[PDB]
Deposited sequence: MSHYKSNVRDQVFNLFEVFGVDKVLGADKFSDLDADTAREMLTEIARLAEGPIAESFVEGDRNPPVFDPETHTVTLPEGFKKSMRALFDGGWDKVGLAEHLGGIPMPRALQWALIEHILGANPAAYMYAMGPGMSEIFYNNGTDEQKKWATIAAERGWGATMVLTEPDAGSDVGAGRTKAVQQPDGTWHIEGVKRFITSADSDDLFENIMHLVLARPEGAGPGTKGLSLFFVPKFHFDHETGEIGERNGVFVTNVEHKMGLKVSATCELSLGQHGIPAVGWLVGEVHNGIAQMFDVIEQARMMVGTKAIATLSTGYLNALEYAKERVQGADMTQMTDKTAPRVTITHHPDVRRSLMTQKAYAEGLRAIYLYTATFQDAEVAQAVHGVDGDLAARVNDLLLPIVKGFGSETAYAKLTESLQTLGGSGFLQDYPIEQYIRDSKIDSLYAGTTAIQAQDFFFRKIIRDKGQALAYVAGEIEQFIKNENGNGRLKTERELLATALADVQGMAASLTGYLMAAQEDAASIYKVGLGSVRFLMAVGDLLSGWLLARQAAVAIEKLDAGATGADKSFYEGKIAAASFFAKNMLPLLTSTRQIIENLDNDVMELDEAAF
């Protein structure tokens, strides 16, 4: 069929057999959504993704968007706009939207499992469809008058953008210089140039676009604390009826030529530089921009991580389907017999190693993002984990840089195995894996680079958190370890947990010693990404082992057929991951315990 190979079976296994999200379906906020309906929804969007959404995956890359300087707009290929219409006509741009905005209430864990299919089939389509979800964030942060506009925006299906980055302010958001000047009538004129804005124009997909723009009010202080957030629509509109009016002064000036994700128009966006003002409205009529915008950034980070996992998963399943059919070579037990029967390449040890590496990381990463999503609803976290609202929020905050940072790095790296499995044919555009790789490279960059994820994770989600979220997670791992068929896995998991605990202690030592020896802090920066990755590997190993424990129970109860094969695969993946990935964490701990500042003291001219 299409390039996109979905895995609803593994999602449902996670949601129901492992995490128990069906326990909240039919109760309270989710009163009107039962387990059967959730399963039917996953299967339906999976078919939508495999069908009309994936249909234009190739076309969007080979026939990419075009910037028109005559009109300061972008044109999109027709096949991709047809996919977008299939998304909208199904109501899938309102997934997890609040009920009062027209949404269907559902757990976030189910919401992200549905979105995974769009991100695997054509991820730019989800990104253009994030409008209603950003209208809800504007709603939540807006005044009572502004809530009227956000309602109109969600119901009319307007596109939306998040507008932070500038040529000199990317990782350092607080260096932004885009200015806001208050007008007599209480509106603001926004002046500046922003860069790398996703969906900054989107052809004729929508009747309006809501730009959510960070800018510095005249006279405000420096840094992120001086930034405010503004509602800047593409077109002015009647604040009561929604009728579209005159063009507002916010114009795309260029579309970037990118390695991949080409059908997502990434634009330079000029505010008030083309002869008419860019009118903006202060969100919430309060000056609190970076806090307001981080509601958007957290959702973007969850999306990027789920996108990376979705893409590895279809890369893996493409590579597996190819390997089952490709005949090449004799069995290794007959390698000296030049007349031995030829075999399919799943018989070769390096190919099985490659495939099990792909499988274990794809399924480990799916479990991580779904686990993370179970802390995103207070009700779900209470029902399935027994944790209250405050702890759930901190655990979610701890896990987000894992989903994003560890997810984005891992998926791109393991797609290398997916392509390798095809041999020379993996280098061809005829197969989708090389586009997967190119489309995935961006995941380690936007919504914050990997280094910024790792820094947030250690400084903010652990040190500032006083270790409460991390201690909670480590305690759940310890409980699994303490508890026969998984004795070896639990022993390897205990070594990996202690390794992560040693890393956290060394890094905390380097940070605390910085009070008296300032340069000590550099060793924290030197170790931070390796630490983030180690925690991801530990979490992957633990959740796979938990899945294997469930699979053992289902096999013992008499699973047969396709169920039995699925469950046997979980036991094999958990055991492979514990024996081949986890032990490397011991060497990484010892490396982190011996970090020094030599590389920091070296003259720049010696590189």
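Colleague: Please report every deposited-sequence interval that has no C-alpha in the structure, sorted by position.
Modeller: Residues lacking C-alpha coordinates: just 484-487.
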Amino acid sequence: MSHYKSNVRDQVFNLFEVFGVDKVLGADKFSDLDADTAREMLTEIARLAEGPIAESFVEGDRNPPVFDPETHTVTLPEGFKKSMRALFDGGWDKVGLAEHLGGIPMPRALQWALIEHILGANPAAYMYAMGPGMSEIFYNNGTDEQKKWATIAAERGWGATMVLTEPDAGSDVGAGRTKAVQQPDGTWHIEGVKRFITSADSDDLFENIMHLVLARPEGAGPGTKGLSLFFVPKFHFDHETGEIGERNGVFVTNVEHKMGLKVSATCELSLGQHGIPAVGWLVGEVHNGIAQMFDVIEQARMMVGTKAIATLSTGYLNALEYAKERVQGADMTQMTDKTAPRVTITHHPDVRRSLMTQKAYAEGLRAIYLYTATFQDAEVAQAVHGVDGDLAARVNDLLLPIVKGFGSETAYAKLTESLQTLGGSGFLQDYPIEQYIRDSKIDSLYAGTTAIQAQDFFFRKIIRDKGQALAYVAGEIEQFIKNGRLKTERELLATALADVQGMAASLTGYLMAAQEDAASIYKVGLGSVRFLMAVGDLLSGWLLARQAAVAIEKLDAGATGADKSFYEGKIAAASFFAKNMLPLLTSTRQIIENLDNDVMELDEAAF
From here on, numbers count along this sequence of modelled residues.
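Rigid core (definition): largest C-alpha set, two forms, superposition within 1.5 Å.
Colleague: So which moves more in 7 other deposited structures of this protein by CA, 125-133 or 70-78, given a superposition on the core?
Modeller: Between 125-133 and 70-78, greater C-alpha deviation in 7 other deposited structures of this protein belongs to 70-78.
Colleague: Mean C-alpha B factor from the entry: is it higher for 109-117 or for 329-337?
Modeller: If you average the C-alpha B-factors of 109-117 and of 329-337, the larger mean comes out for 329-337.
Colleague: Compare the mean C-alpha B-factor of 398-406 with that of 184-192 as given in the PDB entry, and name the stretch with the higher value.
Modeller: It is 184-192.
Colleague: Among 598, 593, 22, 10, which residue carries the highest C-alpha B-factor recorded in the PDB entry?
Modeller: The C-alpha B-factor peaks, among 598, 593, 22, 10, at 22.
Colleague: Choose from 513, 415, 524, 95 the residue with the greatest Cα B-factor as stated in the PDB record.
Modeller: Top of the list by C-alpha B-factor: 95.
Colleague: Hey, what third does residue 70 fall into on Cα B-factor, ranked over its chain?
Modeller: Ranked within chain, residue 70 CA B lands in the middle tercile.
Colleague: Relative to the other modelled residues in the chain, which third contains the C-alpha temperature factor of residue 502: lowest, middle or highest?
Modeller: According to the entry, residue 502 has a C-alpha B-factor in the chain's middle third.
Colleague: Would you please rank residue 530 by its C-alpha temperature factor against the other modelled residues of its chain and give the third it falls in: lowest, middle or highest?
Modeller: Middle third.
Colleague: Lowest, middle or highest third: which one holds residue 38 when the chain's residues are ordered by CA B-factor from the entry?
Modeller: Top third by C-alpha B-factor.
Colleague: What third of the chain does residue 26 rank in for C-alpha temperature factor, lowest, middle or highest?
Modeller: Highest third, going by the recorded CA B-factors of the chain.
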